[PDB]
C-alpha cells in the first residue's frame, strides 16, 4: 500500500473523488490536495503543483493530477523540481510511465475516458514497477542534471 497524492481542478474533480474511493478500496492511502469541492471556475496549477511537490518530497509515494485533458496538469507538475509527470491515456502508457520514466506522477484527462477506463489506468500506474534498467536511469540522470544546471546537454553530432 502506498500514499498517493491527488490534485484536480473542477474538470477532474468528480473523477478524482472516484479515484480516491477506488484507491482506498484497493489498499492505498490517497491524500487529497484539492480541489475539495466543485468550483466551476477554479484554476488547475495550484492543485497540480501541490500534488507534485508533495509527491517528490515523500519517498515511495506516487501522485495523480486530473483535469479535462490532463495536459495542463502534467505541464504544471513537470515544473516542480525533481517531478516526472507522464500523461497516462491508456493502461500501456500508465505502465511505461513507471517502467521507462520512473514517473512519480501521471496526468489523466477526466473528459477523455470512462470511469472504468480511468480506474484501469490508475491500476496500471500504481502496480507497475520501476524497471531500474541502466539505460532508463541514464536518461533520467541526464534530465535531472539539466534541471540542476540548465546547461542543455549536447546533441550527438
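Residue numbers count along the first chain shown, from 1.
Student: Going by the B-factors listed in the PDB entry, is the mean over the C-alpha atoms higher for 3-11 or for 146-154?
Tutor: Mean B over CA atoms: larger for 146-154.
Student: Would 40-48 or 118-126 have the larger average of its C-alpha temperature factors, as given in the entry?
Tutor: According to the entry, 118-126 carries the higher average C-alpha B-factor.
Student: Comparing recorded Cα B-factors across 53, 93, 131, 69, which one is largest?
Tutor: Highest CA B-factor of the listed options: 131.
Student: Going by the entry, which third of its chain does the Cα temperature factor of residue 35 land in?
Tutor: For residue 35, the deposited C-alpha B-factor lands in the middle third.
Student: Going by the recorded CA B-factors, say which third of the chain residue 61 sits in, lowest, middle or highest.
Tutor: Middle third.
Student: Within this chain's modelled residues, let me know which third the CA B factor of residue 27 belongs to: lowest, middle or highest.
Tutor: It falls in the top third of the chain.
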